[PDB]
file work.cif (mmCIF, C-alpha atoms)
data_query
loop_
_atom_site.label_atom_id
_atom_site.label_comp_id
_atom_site.auth_asym_id
_atom_site.auth_seq_id
_atom_site.Cartn_x
_atom_site.Cartn_y
_atom_site.Cartn_z
CA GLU O 1 129.90 101.66 100.39
CA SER O 2 128.64 99.18 97.71
CA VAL O 3 125.96 96.42 98.35
CA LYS O 4 128.73 93.73 98.40
CA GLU O 5 130.93 95.72 100.89
CA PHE O 6 127.93 96.29 103.15
CA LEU O 7 126.88 92.58 102.96
CA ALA O 8 130.43 91.30 103.66
CA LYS O 9 130.69 93.43 106.83
CA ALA O 10 127.09 92.39 107.69
CA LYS O 11 128.03 88.66 107.54
CA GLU O 12 131.19 89.15 109.68
CA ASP O 13 129.09 91.05 112.37
CA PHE O 14 126.29 88.39 112.23
CA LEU O 15 128.67 85.38 112.50
CA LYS O 16 130.41 86.70 115.64
CA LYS O 17 126.98 86.99 117.36
CA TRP O 18 125.61 83.74 115.85
CA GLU O 19 128.65 81.81 117.29
CA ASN O 20 128.65 83.42 120.78
CA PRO O 21 125.02 84.42 121.55
CA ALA O 22 123.95 86.96 124.17
CA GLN O 23 122.00 85.29 127.03
CA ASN O 24 120.21 86.38 130.24
CA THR O 25 120.48 90.14 129.55
CA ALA O 26 117.61 91.30 131.86
CA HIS O 27 115.14 90.06 134.50
CA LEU O 28 111.31 90.25 134.73
CA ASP O 29 111.56 92.57 137.84
CA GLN O 30 113.17 95.31 135.68
CA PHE O 31 109.84 95.82 133.82
CA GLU O 32 106.36 97.11 134.70
CA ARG O 33 103.43 95.33 132.99
CA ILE O 34 101.23 97.74 130.98
CA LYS O 35 98.84 95.78 128.67
CA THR O 36 98.55 92.61 126.58
CA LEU O 37 99.06 93.56 122.89
CA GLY O 38 98.51 90.03 121.47
CA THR O 39 97.75 86.37 122.45
CA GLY O 40 97.57 83.01 120.63
CA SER O 41 99.00 79.46 120.69
CA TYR O 42 102.50 80.84 119.91
CA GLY O 43 102.45 82.92 123.12
CA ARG O 44 101.62 86.48 124.28
CA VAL O 45 103.04 89.96 123.51
CA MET O 46 102.91 92.42 126.44
CA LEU O 47 103.55 96.19 126.44
CA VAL O 48 106.04 96.79 129.28
CA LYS O 49 107.90 99.81 130.65
CA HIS O 50 111.59 99.43 131.58
CA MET O 51 111.98 101.37 134.92
CA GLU O 52 115.75 102.26 134.59
CA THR O 53 115.17 104.12 131.28
CA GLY O 54 111.41 104.79 131.06
CA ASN O 55 111.51 103.10 127.61
CA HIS O 56 108.50 101.10 126.40
CA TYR O 57 109.05 97.65 124.86
CA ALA O 58 106.94 94.77 123.44
CA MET O 59 107.73 91.70 125.58
CA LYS O 60 107.07 88.34 123.87
CA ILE O 61 106.22 85.77 126.63
CA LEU O 62 106.40 82.04 125.82
CA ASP O 63 105.27 79.30 128.16
CA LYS O 64 108.06 76.64 127.99
CA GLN O 65 105.59 73.73 128.46
CA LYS O 66 103.30 75.05 125.69
CA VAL O 67 106.33 75.46 123.34
CA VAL O 68 107.20 71.75 124.01
CA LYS O 69 103.61 70.60 123.23
CA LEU O 70 103.52 72.67 120.01
CA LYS O 71 106.84 71.00 118.91
CA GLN O 72 108.41 74.52 118.73
CA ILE O 73 111.60 73.96 120.81
CA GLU O 74 114.08 74.18 117.91
CA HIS O 75 112.04 77.00 116.23
CA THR O 76 112.10 79.06 119.49
CA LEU O 77 115.87 78.56 119.92
CA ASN O 78 116.21 79.62 116.22
CA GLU O 79 114.12 82.77 116.75
CA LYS O 80 116.12 84.01 119.74
CA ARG O 81 119.56 83.01 118.35
CA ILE O 82 118.84 84.74 115.01
CA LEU O 83 117.25 87.89 116.55
CA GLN O 84 120.17 88.55 118.88
CA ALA O 85 122.58 88.24 115.90
CA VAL O 86 120.89 90.39 113.20
CA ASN O 87 121.10 94.18 112.64
CA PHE O 88 119.09 95.85 109.83
CA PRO O 89 117.04 99.11 109.70
CA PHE O 90 113.84 97.24 108.74
CA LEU O 91 114.00 94.50 111.42
CA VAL O 92 112.49 94.89 114.92
CA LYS O 93 115.46 94.85 117.38
CA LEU O 94 115.72 92.27 120.21
CA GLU O 95 116.66 94.53 123.17
CA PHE O 96 116.92 91.83 125.90
CA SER O 97 116.15 88.16 126.43
CA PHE O 98 115.95 85.94 129.53
CA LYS O 99 114.01 83.04 131.01
CA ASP O 100 112.73 81.93 134.39
CA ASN O 101 111.36 78.65 135.74
CA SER O 102 108.20 78.76 133.58
CA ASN O 103 108.65 81.22 130.69
CA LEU O 104 110.94 82.52 127.91
CA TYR O 105 111.05 86.29 127.30
CA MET O 106 112.12 88.35 124.26
CA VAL O 107 112.00 92.11 124.85
CA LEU O 108 111.57 93.91 121.51
CA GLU O 109 111.36 97.51 120.46
CA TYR O 110 107.74 98.74 120.64
CA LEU O 111 106.24 100.54 117.63
CA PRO O 112 102.92 102.17 118.75
CA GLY O 113 102.08 102.68 115.05
CA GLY O 114 101.10 98.99 115.13
CA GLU O 115 100.87 96.37 112.36
CA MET O 116 100.48 97.24 108.65
CA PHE O 117 97.61 94.73 108.88
CA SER O 118 95.25 97.07 110.85
CA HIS O 119 95.94 100.11 108.65
CA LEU O 120 95.60 98.02 105.46
CA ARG O 121 92.22 96.57 106.55
CA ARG O 122 90.81 99.95 107.67
CA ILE O 123 92.02 101.99 104.66
CA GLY O 124 91.05 99.08 102.34
CA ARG O 125 94.06 99.11 99.99
CA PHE O 126 97.32 100.97 99.25
CA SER O 127 97.89 102.77 95.91
CA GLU O 128 100.81 101.39 93.80
CA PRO O 129 103.45 104.00 94.99
CA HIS O 130 102.39 103.31 98.66
CA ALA O 131 102.61 99.47 98.22
CA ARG O 132 105.92 99.92 96.32
CA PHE O 133 107.50 101.90 99.18
CA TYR O 134 106.76 99.02 101.61
CA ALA O 135 107.72 96.33 99.03
CA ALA O 136 111.15 98.00 98.48
CA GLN O 137 111.86 97.64 102.24
CA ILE O 138 110.96 93.93 102.18
CA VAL O 139 113.16 93.32 99.07
CA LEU O 140 116.16 94.89 100.87
CA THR O 141 115.33 93.01 104.11
CA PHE O 142 115.22 89.63 102.31
CA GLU O 143 118.45 90.50 100.41
CA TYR O 144 120.04 91.01 103.90
CA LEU O 145 118.47 87.90 105.57
CA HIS O 146 119.07 85.57 102.62
CA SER O 147 122.78 86.67 102.43
CA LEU O 148 123.14 85.31 106.02
CA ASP O 149 121.56 81.96 104.90
CA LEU O 150 118.38 82.84 106.78
CA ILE O 151 114.89 81.95 105.51
CA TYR O 152 112.12 84.04 107.11
CA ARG O 153 108.97 81.96 106.42
CA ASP O 154 106.13 84.16 107.77
CA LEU O 155 105.83 87.32 105.70
CA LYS O 156 102.39 88.97 106.08
CA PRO O 157 101.00 92.44 107.05
CA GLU O 158 100.44 91.18 110.65
CA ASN O 159 104.29 90.87 111.02
CA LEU O 160 105.12 94.32 109.59
CA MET O 161 105.29 97.09 112.15
CA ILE O 162 105.00 100.77 111.19
CA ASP O 163 107.49 103.13 112.85
CA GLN O 164 107.16 106.90 113.67
CA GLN O 165 108.76 107.77 110.30
CA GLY O 166 106.31 105.54 108.38
CA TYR O 167 109.02 102.90 107.61
CA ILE O 168 108.36 99.24 108.30
CA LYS O 169 110.06 96.75 110.64
CA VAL O 170 109.74 92.98 110.28
CA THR O 171 108.75 91.25 113.52
CA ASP O 172 108.18 87.61 114.61
CA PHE O 173 111.05 85.30 113.75
CA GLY O 174 109.19 82.22 115.13
CA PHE O 175 109.85 80.27 111.87
CA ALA O 176 113.13 81.93 110.82
CA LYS O 177 115.92 79.37 110.25
CA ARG O 178 119.59 79.40 109.25
CA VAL O 179 119.82 76.82 106.46
CA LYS O 180 122.25 76.44 103.56
CA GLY O 181 120.52 73.46 101.96
CA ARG O 182 116.85 72.74 101.42
CA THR O 183 114.39 72.38 104.35
CA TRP O 184 111.03 70.58 104.84
CA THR O 185 109.03 71.99 107.76
CA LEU O 186 105.37 72.68 107.07
CA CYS O 187 105.04 76.23 108.56
CA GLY O 188 103.92 79.72 107.64
CA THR O 189 100.43 81.25 107.13
CA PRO O 190 97.94 79.64 104.66
CA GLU O 191 97.44 82.58 102.29
CA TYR O 192 101.23 83.06 102.00
CA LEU O 193 102.41 79.49 101.47
CA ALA O 194 104.35 78.70 98.29
CA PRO O 195 102.98 75.66 96.30
CA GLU O 196 106.18 73.67 97.13
CA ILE O 197 105.44 73.97 100.88
CA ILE O 198 101.80 72.79 100.40
CA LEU O 199 103.05 69.85 98.28
CA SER O 200 105.48 68.72 101.03
CA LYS O 201 108.62 69.23 98.96
CA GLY O 202 112.08 70.28 100.15
CA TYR O 203 112.17 74.07 99.70
CA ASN O 204 114.50 77.04 100.04
CA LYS O 205 114.55 80.91 100.22
CA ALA O 206 112.36 81.08 97.04
CA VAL O 207 109.35 80.62 99.38
CA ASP O 208 110.06 84.12 100.80
CA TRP O 209 109.99 85.59 97.25
CA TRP O 210 106.62 83.86 96.59
CA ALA O 211 105.34 85.37 99.91
CA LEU O 212 106.52 88.82 98.67
CA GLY O 213 104.26 88.36 95.61
CA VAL O 214 101.34 87.56 97.96
CA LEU O 215 102.11 90.63 100.14
CA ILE O 216 102.37 93.07 97.17
CA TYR O 217 99.10 91.69 95.73
CA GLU O 218 97.29 92.02 99.11
CA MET O 219 98.69 95.56 99.72
CA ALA O 220 97.64 96.78 96.25
CA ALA O 221 94.27 94.85 96.00
CA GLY O 222 93.10 94.98 99.64
CA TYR O 223 92.61 91.17 99.67
CA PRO O 224 95.01 88.24 99.07
CA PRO O 225 95.37 86.50 95.66
CA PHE O 226 94.16 83.18 97.17
CA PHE O 227 91.42 83.40 99.81
CA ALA O 228 88.60 81.20 101.07
CA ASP O 229 86.81 80.41 104.34
CA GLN O 230 89.09 77.45 105.24
CA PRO O 231 92.85 76.71 104.75
CA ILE O 232 92.18 73.51 102.67
CA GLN O 233 90.24 75.69 100.09
CA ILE O 234 93.13 78.24 100.05
CA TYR O 235 95.69 75.45 99.29
CA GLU O 236 93.55 74.17 96.36
CA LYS O 237 93.60 77.71 94.83
CA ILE O 238 97.38 78.12 95.35
CA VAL O 239 98.24 74.81 93.62
CA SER O 240 95.66 75.28 90.75
CA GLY O 241 98.17 77.53 88.86
CA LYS O 242 95.64 80.37 88.36
CA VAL O 243 95.61 83.96 89.68
CA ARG O 244 93.23 86.83 88.82
CA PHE O 245 94.30 90.49 89.11
CA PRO O 246 92.01 93.52 89.82
CA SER O 247 91.43 95.62 86.67
CA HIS O 248 93.11 98.64 88.41
CA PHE O 249 96.52 96.81 88.64
CA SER O 250 99.09 98.34 86.27
CA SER O 251 100.69 96.29 83.46
CA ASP O 252 104.09 96.48 85.34
CA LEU O 253 102.53 95.30 88.63
CA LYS O 254 100.82 92.32 86.98
CA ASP O 255 104.11 91.40 85.21
CA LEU O 256 106.13 91.51 88.49
CA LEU O 257 103.42 89.44 90.28
CA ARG O 258 103.40 86.75 87.53
CA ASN O 259 107.18 86.45 88.08
CA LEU O 260 106.91 86.18 91.93
CA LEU O 261 103.69 84.07 92.13
CA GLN O 262 105.48 81.65 89.75
CA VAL O 263 105.05 77.88 90.40
CA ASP O 264 108.15 77.02 88.32
CA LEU O 265 111.23 77.47 90.55
CA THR O 266 113.50 77.76 87.48
CA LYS O 267 111.43 80.91 86.56
CA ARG O 268 110.53 82.55 89.93
CA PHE O 269 112.15 85.97 90.48
CA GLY O 270 114.59 86.10 93.39
CA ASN O 271 115.72 82.49 92.75
CA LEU O 272 117.55 82.87 89.40
CA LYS O 273 121.20 83.47 88.35
CA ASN O 274 120.81 87.29 88.68
CA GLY O 275 119.09 86.83 92.09
CA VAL O 276 117.45 89.88 93.74
CA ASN O 277 118.49 92.17 90.84
CA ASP O 278 115.73 90.58 88.71
CA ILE O 279 113.33 92.21 91.25
CA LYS O 280 115.23 95.52 91.79
CA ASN O 281 115.62 96.12 88.04
CA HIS O 282 111.92 95.30 87.22
CA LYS O 283 109.93 98.10 85.47
CA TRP O 284 107.56 98.33 88.50
CA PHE O 285 110.52 99.56 90.64
CA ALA O 286 111.95 101.95 87.97
CA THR O 287 111.29 105.04 90.22
CA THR O 288 112.70 103.29 93.30
CA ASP O 289 116.02 104.68 94.63
CA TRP O 290 117.21 101.58 96.54
CA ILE O 291 119.96 103.47 98.43
CA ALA O 292 117.60 106.34 99.45
CA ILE O 293 115.12 103.69 100.83
CA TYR O 294 117.94 101.99 102.80
CA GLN O 295 119.17 105.40 104.11
CA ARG O 296 115.47 106.20 105.10
CA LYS O 297 115.61 109.41 102.99
CA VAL O 298 112.37 108.77 101.01
CA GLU O 299 109.29 110.57 102.46
CA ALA O 300 106.85 107.94 103.77
CA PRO O 301 103.38 107.90 102.07
CA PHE O 302 101.70 107.46 105.51
CA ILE O 303 102.70 108.30 109.09
CA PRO O 304 100.47 106.78 111.83
CA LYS O 305 99.04 109.37 114.24
CA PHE O 306 101.48 109.57 117.14
CA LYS O 307 99.74 109.48 120.53
CA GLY O 308 102.72 108.77 122.83
CA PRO O 309 105.39 106.03 123.22
CA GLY O 310 103.12 103.79 125.33
CA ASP O 311 99.88 104.38 123.34
CA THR O 312 98.06 101.09 122.49
CA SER O 313 95.22 102.46 120.25
CA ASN O 314 96.56 100.45 117.23
CA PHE O 315 96.11 97.16 119.05
CA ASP O 316 92.94 95.26 120.03
CA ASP O 317 91.99 94.47 123.65
CA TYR O 318 92.93 91.02 124.97
CA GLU O 319 92.04 89.12 128.16
CA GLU O 320 94.65 90.02 130.83
CA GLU O 321 96.18 86.79 132.19
CA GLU O 322 98.72 86.24 135.00
CA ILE O 323 102.46 85.75 134.38
CA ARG O 324 102.80 82.59 136.46
CA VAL O 325 106.32 81.57 137.57
CA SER O 326 106.51 78.09 139.09
CA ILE O 327 108.80 77.39 142.09
CA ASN O 328 110.18 74.43 140.02
CA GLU O 329 112.29 74.79 136.88
CA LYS O 330 110.47 73.48 133.80
CA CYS O 331 112.17 72.17 130.64
CA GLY O 332 115.71 72.93 131.91
CA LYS O 333 117.57 70.90 129.24
CA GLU O 334 115.32 71.85 126.27
CA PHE O 335 115.98 75.60 126.71
CA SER O 336 119.47 75.58 128.36
CA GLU O 337 120.91 77.69 125.45
CA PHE O 338 118.11 80.31 125.56
CA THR H 1 82.78 91.76 93.61
CA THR H 2 85.96 90.03 94.89
CA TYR H 3 86.08 92.69 97.66
CA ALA H 4 82.49 91.85 98.82
CA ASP H 5 83.47 88.13 98.80
CA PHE H 6 86.59 88.78 100.87
CA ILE H 7 84.72 91.00 103.40
CA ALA H 8 81.96 88.39 103.87
CA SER H 9 84.63 85.64 104.47
CA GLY H 10 85.83 84.39 107.88
CA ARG H 11 89.50 85.32 107.17
CA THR H 12 89.56 89.14 107.32
CA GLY H 13 91.01 89.30 110.85
CA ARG H 14 94.60 88.56 111.97
CA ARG H 15 95.70 85.21 110.52
CA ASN H 16 97.38 82.50 112.63
CA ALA H 17 100.43 80.57 111.51
CA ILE H 18 100.01 76.86 110.80
#

call {"tool": "encode", "arguments": {"input": "work.cif", "output": "C-alpha cells"}}
result
Amino acid sequence: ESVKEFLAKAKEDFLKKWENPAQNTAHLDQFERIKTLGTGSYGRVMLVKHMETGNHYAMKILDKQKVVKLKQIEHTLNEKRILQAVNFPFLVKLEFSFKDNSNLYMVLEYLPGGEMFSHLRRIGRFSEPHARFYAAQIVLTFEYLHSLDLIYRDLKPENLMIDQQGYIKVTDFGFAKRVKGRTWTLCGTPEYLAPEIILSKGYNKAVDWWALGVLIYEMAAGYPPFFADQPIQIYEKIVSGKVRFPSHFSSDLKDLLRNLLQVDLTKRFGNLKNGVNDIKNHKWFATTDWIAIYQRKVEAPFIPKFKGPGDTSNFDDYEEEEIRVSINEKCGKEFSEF
Amino acid sequence: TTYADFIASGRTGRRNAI
C-alpha cells in the first residue's frame, strides 16, 4: 500500500482506541519484581516478569501524589491515553496499564539492548550511514505521530531503545500531546529545545523536527550542537542563531542540519508546504529506501550483544525502593480515567 | 577540542526533562 493508504488506515485504528481507551488490563500481583532500571522525579522503571507467560517487561511506576506535585496530571493521562492507542514498528508498545491506591503503572515491552544513549556515549559517535539508519526511523515515526495530531516533545538518545534486530523504538510519552492548534507548555530536555519553546511562544510539531536536527548532530558528532554546564547557558547558545559543525561532517549532512536547526519557522524542514518529503528527498537520505526501513529489511549497522531476555547489563544500578500501596485511595478523581 | 570540552562538562550522563 501507499503512504497515504497506510496513514488513513492508521488514523481510523488510532481514533477508535483514542475514543474508547483500554483501562485496568492487569494487576500488580501478576508480575514478579526483578530490578530497578531507572529512577527520577518523573517516576521509576522496573524490570518485571509476567508469571502467566514468562515474558519480561519494563514497568513504569508513578506515584500519584508526586505526579500531582509535579503538575503532571494532564501529561500522565495524555501519555497513557496516547500509548494505548498507537501502533507503529518503531514505538515501544504499552502491553498493560492499571492503578492501585497509591500508584499508576504502564507495562511496556522490555528491550535488553538498552538506550541508544549508553551505546552512543561508550562508542563515542556513529558514522554517517549508522546515524542515517536511526534518523530514517525517527523521520517515519514522526510522520506517523504527526499525522495523528500528536506532538512528541522529548526526542533524545535516552528515549530510543535498541531492539534485538538493531532497530530503534521510541519510549517515554510523558510529554506527548494530541493537539491540532498551537501549544505553550515549557517541557522537553534543555539540549533539544527549539528556540520558540525557550522564548515562551506558542509552538507546534516543528519543535520535533528541530529536535531531530539535534539528535542527528549528536549521533554523528558524539556531542550535542548546544552544550554547557548549566541549562541557562544552553538556552543562550540555542537562541544566539549560531551552530558549529565538526570538520568530518559531510556537505549533505551540514546542509540537512542547517534546514532542521533553522530558527525561521517559514524555512524549517518538516514544517513547509511539502512537509516530511523535504526531509525524505534531501541529498543526505539519497541512499535511504524508506519502504525497506519501514519493512525492517535493511541490515542494522549494530546489534547489541544479546545476553538473555531479562539481562540488565545495559542499564545502571539504582537504589531498590519499596512499592508502597496505601490502604487509602489517593487522588481518586484526578486519575479516574487512567 | 569540542570533544574534550564536552567530556569535561557536567552533562555527559542521562539528561532529565525540564

call {"tool": "closest_residue", "arguments": {"input": "work.cif", "among": "O:20, O:312, O:41, O:164", "to": "chain H", "atoms": "all atoms listed in the file"}}
result
O:41

call {"tool": "residues_around", "arguments": {"input": "work.cif", "residues": "residue 27 of chain O", "least_positions_apart": "2", "cutoff": "12 Å", "atoms": "all atoms listed in the file", "output": "MDAnalysis selection string"}}
result
chainID O and resid 23:25 29:32 50:51 59 96:100 103:107

call {"tool": "closest_residue", "arguments": {"input": "work.cif", "among": "O:196, O:21, O:220, O:53", "to": "residue 120 of chain O", "atoms": "only C-alpha atoms"}}
result
O:220

call {"tool": "residues_near_point", "arguments": {"input": "work.cif", "point": "(101.5, 92.2, 99.1)", "cutoff": "12 Å", "atoms": "only C-alpha atoms", "output": "PyMOL selection string"}}
result
chain O and resi 116-117+120+125-128+130-136+138-139+155-158+160+191-192+208-226+253+256-257+260-261

call {"tool": "residues_around", "arguments": {"input": "work.cif", "residues": "segment 2-18 of chain H", "least_positions_apart": "6", "cutoff": "6 Å", "atoms": "all atoms listed in the file", "output": "PyMOL selection string"}}
result
chain O and resi 187-189+229

call {"tool": "resolve_selection", "arguments": {"input": "work.cif", "expression": "the PyMOL selection byres ((chain O and resi 182) around 12)", "output": "list in words"}}
result
residues 149, 150, 151, 177, 178, 179, 180, 181, 183, 184, 185, 196, 197, 201, 202, 203, 204, 205, 206 and 207 of chain O

call {"tool": "residues_around", "arguments": {"input": "work.cif", "residues": "segment 283-289 of chain O", "least_positions_apart": "2", "cutoff": "6 Å", "atoms": "all atoms listed in the file", "output": "list in words"}}
result
residues 252, 253, 291 and 292 of chain O

call {"tool": "atom_distance", "arguments": {"input": "work.cif", "atom1": "atom CA of residue 265 of chain O", "atom2": "atom CA of residue 194 of chain O"}}
result
10.4 Å

call {"tool": "atom_distance", "arguments": {"input": "work.cif", "atom1": "atom CA of residue 281 of chain O", "atom2": "atom CA of residue 248 of chain O"}}
result
22.7 Å

call {"tool": "closest_residue", "arguments": {"input": "work.cif", "among": "O:323, O:22, O:186, O:10", "to": "chain H", "atoms": "all atoms listed in the file"}}
result
O:186

call {"tool": "atom_distance", "arguments": {"input": "work.cif", "atom1": "atom CA of residue 314 of chain O", "atom2": "atom CA of residue 115 of chain O"}}
result
7.7 Å
